[PDB]
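Inside the fold
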Amino acid sequence: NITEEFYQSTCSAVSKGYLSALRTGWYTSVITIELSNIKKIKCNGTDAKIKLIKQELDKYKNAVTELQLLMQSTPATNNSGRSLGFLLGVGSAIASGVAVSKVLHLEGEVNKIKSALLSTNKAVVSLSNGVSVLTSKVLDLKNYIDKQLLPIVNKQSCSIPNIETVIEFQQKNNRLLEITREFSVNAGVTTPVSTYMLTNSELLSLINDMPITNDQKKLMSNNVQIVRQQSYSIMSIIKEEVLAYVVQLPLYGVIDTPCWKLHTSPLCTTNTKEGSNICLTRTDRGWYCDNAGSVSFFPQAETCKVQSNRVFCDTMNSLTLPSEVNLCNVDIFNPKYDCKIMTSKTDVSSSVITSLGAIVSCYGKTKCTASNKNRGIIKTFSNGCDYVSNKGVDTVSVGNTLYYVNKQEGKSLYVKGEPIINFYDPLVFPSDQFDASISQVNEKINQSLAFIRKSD
Amino acid sequence: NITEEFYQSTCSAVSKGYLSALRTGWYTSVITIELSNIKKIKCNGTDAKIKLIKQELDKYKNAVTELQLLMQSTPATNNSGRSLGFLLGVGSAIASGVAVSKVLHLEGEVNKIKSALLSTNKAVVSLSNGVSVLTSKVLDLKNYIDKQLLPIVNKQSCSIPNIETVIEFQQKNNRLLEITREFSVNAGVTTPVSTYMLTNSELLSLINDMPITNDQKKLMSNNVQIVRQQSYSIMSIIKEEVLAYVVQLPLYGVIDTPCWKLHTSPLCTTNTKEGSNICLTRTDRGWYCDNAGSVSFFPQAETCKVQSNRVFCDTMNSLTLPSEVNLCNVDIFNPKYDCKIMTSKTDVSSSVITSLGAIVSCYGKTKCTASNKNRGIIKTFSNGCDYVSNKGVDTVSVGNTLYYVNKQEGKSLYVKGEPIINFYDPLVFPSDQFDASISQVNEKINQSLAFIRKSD
Amino acid sequence: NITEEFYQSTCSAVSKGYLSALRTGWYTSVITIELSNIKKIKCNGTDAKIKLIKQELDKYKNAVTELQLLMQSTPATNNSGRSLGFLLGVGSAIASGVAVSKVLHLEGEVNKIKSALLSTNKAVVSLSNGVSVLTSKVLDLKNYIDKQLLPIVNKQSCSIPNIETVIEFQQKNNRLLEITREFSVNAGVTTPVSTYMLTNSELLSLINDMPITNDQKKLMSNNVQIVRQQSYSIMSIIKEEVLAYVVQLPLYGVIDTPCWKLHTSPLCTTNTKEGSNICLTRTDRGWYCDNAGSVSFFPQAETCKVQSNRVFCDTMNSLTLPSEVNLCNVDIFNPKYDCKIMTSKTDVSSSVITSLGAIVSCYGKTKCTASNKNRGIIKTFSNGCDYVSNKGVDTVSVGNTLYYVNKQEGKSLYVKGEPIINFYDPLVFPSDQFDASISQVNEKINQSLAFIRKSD
Ligand SMILES: [Cl-]
Ligand SMILES: [Cl-]
Ligand SMILES: [Cl-]
């Protein structure tokens with residue numbers, strides 16, 4: 001059950017009650033399509049059905065040629081000021097998958113995989129480097145072409161095939177064309193992993209055969225659409241009648257730990273004289289999850305995806321913080337953790353739509369209201385930072401911008417408190433601290449009060 | 001007619017003459033596809049045409065199953081330093097559509113919609129919460145399957161269908177497969193809204209039936225491609241022989257108000273001694289539109305899309321500013337509005353391609369020129385901030401970077417003026433104001449001149 | 001051969017050995033599809049095969065109508081703090097292609113192109129403005145419809161076509177539908193250029209016919225997937241039985257010059273007292289390439305794509321810097337170039353995965369290790385900035401974040417040196433310089449030491 005608290009003192013809100021699903025690692029499987037090596041199409045027969053087969057077989061050959069050009073390359077991909085995103089490290093997302101892909105280029109490795117998938121369409125193969133991977137055969141065009149299409153190709157006659165075969169071949173070949181299509185506009189690396197790359201049935205089957213926990217299997221199976229988005233498909237090799245590409249699947253090593261989302265908005269003084277005001281904004285907005293005695297913090301919105309009450313995040317775009325980082329929500333002046341803020345003189349109106357309400361920073365001459373669809377305006381905000389819950393409210397207007405609020409069910413709590421911006425003397429307030437903290441601002445103020453003390 | 005003015009004094013340019021098309025709200029419609037509930041396919045007949053129908057019917061079932069898994073989840077999506085983007089608020093883009101989607105999950109609501117679309121393919125339905133929406137039936141697979149495909153499915157015989165039916169069913173079923181395909185790689189929420197989701201005919205028809213102004217209807221109909229980009233499709237429910245998804249359409253409450261685009265570039269002193277220079281840059285670049293007595297300001301480029309002379313913007317990514325914000329273009333030291341700037345010591349060369357010309361910030365040893373395709377170089381820029389119009393110029397080169405200029409027709413005006421950076425004493429100039437303003441810089445300078453005055 | 005050096009003194013690493021492929025210009029070609037102008041479909045025959053042709057011909061007409069609406073619009077597109085991206089200029093990516101597209105709207109220009117492609121499918125046309133472009137015909141639906149489909153359309157009888165024709169027409173028409181599909185969700189401008197827009201064969205052929213250097217031809221042909229990603233397709237006109245769109249291809253004027261990638265990470269003091277530490281970070285991370293006596297610098301990761309040992313970059317998102325910018329890697333206090341840094345007090349742990357290793361910034365209580373897959377943990381990092389090569393290491397863990405390292409072959413060199421953060425007195429260290437440099441920090445320190453000197 002989702003709950004939420006608004007802190008009037010620091011113009012921020014925390015949404016609690018969420019459960020974690022953090023991608024901590026990677027699982028790499030090798031997906032294969034058995035191809036028929038065919039060059040020639042010996043047939044002078046100008047029959048229309050033969051022509052259609054020839055045309056479809058021509059697309060097949062071009063796809064193979066196109067993929068061979070892609071194989072020649074080494075796979076690679078590249079994955080505000082009020083957020084702490086600039087503090088993040090830089091990972092290499094497909095480094096694990098690529099490492100597997102490189103092994104597949106080694107001679108004998110290809111033939112090794114083909115041997116394992118001879119009788120079955122699912123097997124585990126020991127690679128020459130000493131790594132085991134789940135290998136899968138999802139399509140056998142080699143079988144179909146050699147069994148259904150050989151007499152119309154391998155011989156001058158060329159016994160004209162039935163129309164149903166012409167249709168059937170186009171259906172089966174289509175998947176190869178679409179896979180090639182995706183790789184060719186994505187430089188051999190795609191994400192999310194499409195159903196062409198891996199069907200719902202194949203993915204669900206792959207998950208079940210993944211030697212992971214029953215909880216992980218259940219988790220991934222109930223959230224396939226999220227798993228696809230956190231996965232990569234990496235074109236590897238097309239060699240000796242087999243196309244192989246590496247599918248890089250998320251590994252969720254952290255599950256069902258409490259998560260909370262922190263929303264922040266500018267807190268300024270509200271003096272009538274334009275420009276005589278000072279502002280303060282908590283910059284530690286984003287998702288937080290308890291994780292192994294510490295806290296995983298995700299500054300950027302793209303990193304986390306919410307499904308009902310479960311949060312799917314990627315640890316690559318996170319910081320590991322002391323659990324005392326949560327103290328900034330209860331006591332921003334706590335002596336255990338230096339809470340991060342930014343200062344400014346720019347008092348501009350804006351709103352933050354939270355999980356269960358809306359934070360409104362209303363300043364100057366801005367019209368700020370909250371409304372119900374039936375009644376209309378039910379609350380007019382005064383200057384300063386305020387909050388309203390989603391219960392009874394459908395929209396919020398700040399200036400010329402209309403925000404719809406989330407209609408998620410859950411209780412909000414308004415925690416009254418003196419706006420902390422009122423505690424500072426504007427005469428010595430540093431309003432140029434773009435990336436700062438509580439203590440760093442205090443330090444600046446003490447220096448300013450010192451240079452004044454020297455003068456006095 | 002587009003015009004443009006360059007202000008030499010502040011190294012910036014304003015492009016006028018544009019008309020507004022601002023998305024201010026949302027309209028939510030419910031799109032439905034009538035599905036045939038079929039499980040069994042009773043037929044032992046091994047006929048090739050039967051096999052093709054069976055295979056296509058199998059794709060149909062997998063799509064339905066796949067969509068049912070998507071329905072189980074709650075829809076969600078996540079929508080530099082020289083820009084003021086960090087000042088923006090945070091909205092919830094699909095909060096309105098999702099609110100409608102949740103209503104559709106309530107029992108009876110599904111049957112209520114199906115009743116309205118019984119005789120017609122277009123109707124308005126009162127939802128149990130008390131909200132009316134345009135509901136539409138775009139595909140009836142239930143009818144086709146039950147009328148054309150029942151004897152080959154519901155019975156052991158299984159009278160073999162004609163080849164044209166096999167083709168026809170694949171054609172009709174394809175749309176369902178593609179819709180499912182899009183939702184499955186987008187976690188149930190897609191944008192822009194594709195033609196699979198809503199065809200050009202259906203969208204145009206929907207717009208005409210939308211009880212909006214004739215101007216809005218005309219506007220949306222002439223710019224369908226833009227409307228699609230500003231729309232969301234939200235997978236809702238697949239229950240009791242009907243697939244329903246919510247299409248969230250833009251509502252343009254502001255039309256044909258004057259808009260202007262502000263371009264900015266660094267203004268530095270040009271002393272010969274490397275590193276002895278100070279820089280200044282207007283940070284209020286972006287789109288501006290008159291709006292309800294105020295000005296809607298769009299700092300980020302992605303927010304606005306230009307079609308000829310009309311600007312399509314989203315108010316969610318805007319600030320509402322006093323109209324006096326425009327005074328920064330005429331008099332940056334005006335006493336009515338504190339114009340936003342940033343300071344630095346980093347004098348690096350760069351160019352900004354405007355609507356009707358190019359701003360060039362040329363510093364140090366950088367080669368800066370403007371050229372015509374026929375003649376070649378026609379102007380060599382000196383150090384400082386300068387400008388050239390697109391009339392007679394095709395390209396501009398700054399260092400190793402070649403920019404093509406926009407060949408839009410329109411008059412440019414060069415407004416001569418002393419570069420304002422020359423007004424500051426470098427000895428007391430604060431060059432560490434990453435996010436500042438005219439008065440904030442003055443305030444810093446007065447403090448510096450005070451600590452000096454105390455010493456003296 | 002790729003090599004790498006880590007500088008302990010400045011917590012940074014440089015990866016050498018790369019070769020350049022910089023997009024410096026644009027080549028614009030005009031792609032055409034000959035369309036059949038057909039309105040009526042005179043046939044009362046209710047034959048199933050006729051019905052299928054009618055339905056497919058209906059899609060053809062809707063595509064044409066849809067494209068005509070797109071033609072009505074003017075094409076346009078819109079193309080952290082630890083990066084210097086905010087220093088970049090603003091170009092207009094499709095300004096060159098659009099300029100060509102505008103010429104195509106002029107009367108006679110359309111007929112001029114159609115005349116050139118009358119006998120051949122490849123020609124060079126002089127446009128009325130005085131610009132020559134490679135024009136190409138990739139599909140002739142006009143021929144097919146008028147030759148194979150006229151009697152079933154132009155007459156009440158309507159001699160029922162064979163089933164193979166029904167299939168064939170759907171195959172040929174499909175490309176038109178997909179092109180229309182892409183343009184309609186991309187407002188007439190697509191990137192990367194798909195195989196629908198331009199097939200692998202057509203693109204390779206176009207490249208060979210492009211009057212460029214043999215090196216460029218070889219370069220583009222071996223990296224087609226990259227070329228597609230650096231290309232635009234711009235819907236222009238559909239008028240007088242011909243659809244024409246402009247394909248904007250990359251021009252690589254700089255090839256095989258040495259490139260290097262600079263990786264940076266925070267360097268902080270490691271005092272036991274939490275918050276008593278000061279930090280310093282090189283902000284000039286990104287790709288560097290020698291270019292015409294200067295250096296092209298690419299701050300943003302998206303700008304450059306690496307294929308094996310060759311770097312594909314776009315000069316539009318670059319700065320042109322003096323070659324002395326490289327001195328920051330050898331001597332950050334060099335008197336020839338003012339190396340860019342940022343200061344802070346926030347000592348947060350993070351890692352940067354490099355080309356041939358990993359930089360680890362470990363601070364506070366963070367667990368920082370490096371591991372082999374077989375052995376496990378082989379190195380535990382102490383507080384400070386350290387480095388490990390990819391040789392023998394597969395993963396690196398910083399806190400709750402596991403990074404896979406790149407398994408690229410190449411030698412790393414560890415350049416020992418005193419961390420430069422140790423050279424600063426914390427009592428006068430400016431930790432609020434979000435965008436600064438070596439000299440700017442020194443200047444601040446000298447001022448602080450002056451106000452102290454006055455007091456003394
Ligand atoms: Cl909204
Ligand atoms: Cl350009
Ligand atoms: Cl990783």
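Throughout, a per-chain count from 1 in the order the sequence is written supplies the residue numbers; the entry may number residues differently, and those without coordinates are omitted. Think of it this way: whatever chain is written first is A, whatever ligand is written first is 1, and the rest follow in order. Scope of values: limited to the chains shown, which are part of a larger assembly. Note that the side-chain values use all heavy atoms of the structure and ignore hydrogens as well as water.

Header annotation of the entry names X-ray crystallography as the structure determination method and lists the resolution as 2.4000 Å.

Glancing now at the state of the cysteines. A pair of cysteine sulfur atoms is labelled a disulfide when the two atoms are within 2.5 Å. Scanning the entire structure with this criterion turns up 21 disulfides over all chains. Sulfur-sulfur distance for the disulfide between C43 of chain A and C158 of chain A comes to 2.0 Å. The side chain of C268 of chain B participates in a disulfide bridge whose partner is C279 of chain B; the two sulfur atoms lie 2.0 Å from each other. Sign of the S-S torsion, about 110 degrees for the bond between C268 of chain B and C279 of chain B, identifies this disulfide as right-handed. In this pair, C268 of chain B is assigned in strand β8 (residues 267–268) and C279 of chain B in strand β9 (residues 279–282), connecting sequence segments eleven residues apart. The pair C268 of chain B / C279 of chain B is uniform in exposure class, with both members buried. Only runs of H or I of at least four residues qualify as helices and only runs of E of at least two qualify as strands under DSSP, and these elements are numbered from the N terminus. Type-normalised accessible area, obtained with a 1.4 Å probe on protein chains alone, sets the label of each residue: buried when under 20%, exposed when over 50%, and partly exposed for intermediate values.

Moving on to the interface of chain C and chain A. Only heavy atoms matter for contacts: two residues are in contact if any of them lie within 4.5 Å across the pair. Chain C puts 55 residues into the contact, and the matching count from chain A is 54 residues. Each of two parts loses accessible area, computed with a 1.4 Å probe, when they are put together; buried area is these two losses added. For the pairing of chain C and chain A, the buried interface totals around 4,400 Å² over both sides, and the portion due to carbon and sulfur atoms is 53%. Any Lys or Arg side-chain nitrogen found within 4 Å of a carboxyl oxygen on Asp or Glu counts as a salt bridge. Inspection of the chain C/chain A interface yields three salt bridges. The partner of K444 of chain A in a salt bridge is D432 of chain C, and the shortest N-O contact between them spans 3.4 Å. Polar contact is defined as a pair of N or O atoms within 3.5 Å, subject to the rule that within protein one atom must be able to donate a hydrogen and the other to accept it, and that residues adjacent in sequence are counted only when both atoms are side-chain atoms. At the boundary of chain C and chain A, one finds 23 residue pairs in polar contact. When residues of the side of chain C that touches chain A are traced back to their parent elements, those giving at least two are α5 (163–184), α7 (214–222), α8 (224–229), β12 (305–307), β16 (350–353), β22 (401–404) and α10 (438–455) of chain C.

The subject of this paragraph is the interface of chain B and chain A. Much of the literature gives interface size as the accessible area that the parts lose upon coming together. Taken together, the contact between chain B and chain A spans 54 residues of the former and 55 residues of the latter. Where chain B abuts chain A, roughly 4,400 Å² becomes buried across the two surfaces, and 53% of that area is made up of carbon and sulfur atoms. For the chain B face of the interface with chain A, the top three residues by lost area are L69, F86 and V90 of chain B, together amounting to 13%. Linking chain B with chain A are three salt bridges. Put simply, chain B and chain A have 23 residue pairs in polar contact between them. Taken together, the elements giving at least two residues each to the side of chain B that touches chain A come down to β2 (12–34), α1 (48–71), α2 (95–105), α5 (163–184), β11 (294–298), β14 (319–321) and α10 (438–455) of chain B. If one sorts the elements of the side of chain B that touches chain A by residue count, α1 of chain B sits on top with ten residues.

Copy one and copy two of the chain differ by a rotation about a common axis and a shift along it. Superposition of the copies is done by least squares over their C-alpha atoms. When chain C is brought onto chain A, the operation consists of a screw motion whose angular component is 120 degrees and whose axial shift is 0.0 Å, with 0.0 Å RMSD remaining. Given the turn and translation reported, the copies of this chain are related as if by a three-fold rotation axis. Across chain C, the rotation axis passes nearest the C-alpha of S80 of chain C, at a separation of 3.6 Å. The residues that chain C uses at the interface reappear at the interface of chain A in only 7% of cases, marking distinct surfaces.

Our next topic: the pairing of β11 of chain B. Residue and element names in this part refer to chain B. Counting buried residues along β11, four of its five residues qualify, which places the element largely inside the surrounding structure. For two strands to count as paired, DSSP must find a minimum of two bridges between them. Of the strand pairs in this sheet, strand β10 (residues 286–291) and β11 are connected by five bridges, and their pairing is antiparallel. Bridging from a neighbouring strand, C289 pairs with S296 of β11. Counting the residues that bridge the hairpin from β10 to β11 gives two residues, and of these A292 lies at a positive phi of roughly 55 degrees. Across three bridges, β11 lies against β14 in antiparallel orientation. Within the sheet, the bridge partner assigned to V295 lies in β14 and is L321.

All right, on to the packing of α1 of chain B against α5 of chain B then. Residues and elements named next belong to chain B. The contact between α1 and α5 brings their axes to 10 Å, and the two run at 20 degrees. The orientation of α1 with respect to α5, classified from their angle, is roughly parallel. Relative to α5, α1 is oriented so that their crossing is left-handed. In contact with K49, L52, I53, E56, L57, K59, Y60, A63, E66, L67 and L70 of α1, α5 contributes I163, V166, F169, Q170, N173, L176, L177, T180, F183 and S184. In terms of residue class, the contact of α1 with α5 is built from 13 nonpolar, four polar and four charged. Only the stretch in contact is used when a helix axis is fitted, and all axes are lines through C-alpha atoms; the angle between N-to-C directions ranges over 0 to 180 degrees. If an angle is under 35 degrees, it is roughly parallel; if it is over 145, roughly antiparallel; if it lies from 65 to 115, roughly perpendicular; otherwise it is oblique. By the definition used in this description, the sense in which the near helix is turned from the far one sets the handedness, with an anticlockwise turn below a right angle giving left-handed and a clockwise turn giving right-handed. Three categories are distinguished: nonpolar for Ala, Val, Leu, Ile, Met, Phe, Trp, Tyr, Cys and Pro, charged for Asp, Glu, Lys and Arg, and polar for the others, with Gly belonging to the last.

What follows concerns helix α4 (residues 141–148) of chain C. Residues and elements named next belong to chain C. When we look at burial in α4, the residues that qualify are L141, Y144 and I145. Viewed along the axis of α4, the buried residues span an arc of 90 degrees, placing them on a single side of the element. Residues of α4 that are buried sit in contact with β2 (12–34), α1 (48–71), β4 (132–140) and α5. A distance of 3.3 Å separates the backbone nitrogen of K142 from a side-chain oxygen at the start of α4, and that oxygen is part of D140. In this description, one arc is meant: the one made by directions from the helix axis to the C-beta atoms.

Our focus in this paragraph is the sheet that holds strand β21 (residues 395–398) of chain A. Residue and element names in this part refer to chain A. Pairing within the open sheet is antiparallel, and its four strands lie in the order β19-β18-β21-β22. Each of the sheet's edge strands pairs with one partner strand only, and the pair in question is β19 (376–380) and β22 (401–404). Mean inter-strand twist for the sheet, computed between neighbouring axes without regard to direction, equals 30 degrees. The sheet contact formed by β21 and β22 spans four bridges and is antiparallel.

We now examine the packing of helix α4 (residues 141–148) of chain A against helix α5 (residues 163–184) of chain A. Residues and elements named next belong to chain A. Remark: α4 packs on α5, axes separated minimally by 11 Å, with the N-to-C direction vectors making an angle of 160 degrees. In terms of orientation, α4 and α5 fall into the roughly antiparallel class. When the axes of α4 and α5 are compared, the crossing they make is left-handed. Of the residues in α5, those in contact with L141, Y144 and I145 of α4 are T165, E168, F169, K172, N173 and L176. Grouping the amino acids of the contact of α4 with α5 by side-chain chemistry returns five nonpolar, two polar and two charged.

Glancing now at the UniProt feature "disulfide bond" in chain A. All names here are of chain A. The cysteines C259 and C289 carry a UniProt disulfide annotation, and their SG atoms are 2.0 Å apart, under the 2.5 Å mark, so the bond is there. Of the two residues, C259 is situated in strand β7 (residues 242–264) and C289 in strand β10 (residues 286–291); the sequence distance between them amounts to 30 residues. Relative accessible area serves as the criterion here: at 2%, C259 is assigned to the buried category. Assessed through its relative accessible area of 0%, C289 is described here as buried. UniProt positions are given in the numbering used here, feature names are shortened, and annotations may be inferred rather than shown by experiment. A sulfur-sulfur distance of 2.0 Å is found for the UniProt-listed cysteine pair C268 and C279, consistent with formation of the disulfide (criterion: under 2.5 Å).

Counting residues in hydrophobic clusters, the biggest one holds 291 residues, and the most contacted among them are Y245 of chain A, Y245 of chain B together with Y245 of chain C. If you look at the next biggest cluster of nonpolar residues, it comprises 132 residues, including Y337 of chain B together with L280, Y424 and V441 of chain C. For our purposes a nonpolar core is just a set of buried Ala, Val, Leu, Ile, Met, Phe, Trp, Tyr and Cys residues, chained together by side-chain atoms within 4.5 Å.

What follows covers the relation of the copies chain B and chain A. In screw terms, the move from chain B to chain A is a rotation of 120 degrees and a rise of 0.0 Å along the axis, fitting with an RMSD of 0.0 Å. Taken together, the interface assignments show that only 7% of the residues at the interface of chain B recur at the interface of chain A, consistent with different surfaces on the two copies.

For the rest of this paragraph, the subject is the environment of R82 of chain A. With respect to the helices and strands, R82 of chain A occurs in the loop between α1 (48–71) and α2 (95–105). The exposure class assigned to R82 of chain A is buried, which follows from its relative accessible area of 4%. When the C-alpha positions of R82 of chain A and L117 of chain A are compared, they lie 52 Å apart, and in sequence the two are 35 residues distant. When residues no more than four places from it in sequence are discounted, the contact partners of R82 of chain A are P266, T281, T283, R285, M342 and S350 of chain A together with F86, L87 and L88 of chain B. A distance of 3.1 Å separates a polar atom in the side chain of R82 of chain A from the backbone oxygen of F86 of chain B.

The next subject is the sheet that holds strand β17 (residues 357–362) of chain B. Residues and elements named next belong to chain B. Within the open sheet, the three strands sit side by side as β16-β17-β20. Their pairing is antiparallel. Strands with a single pairing partner mark the edges of an open sheet, and in this sheet they are β16 (350–353) and β20 (384–389). Mean inter-strand twist for the sheet, computed between neighbouring axes without regard to direction, equals 15 degrees. Of the pairings in the sheet, the one linking β17 to β20 comprises six bridges and is antiparallel in character. Across the sheet, residue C362 finds its bridge partner in β20, namely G384.

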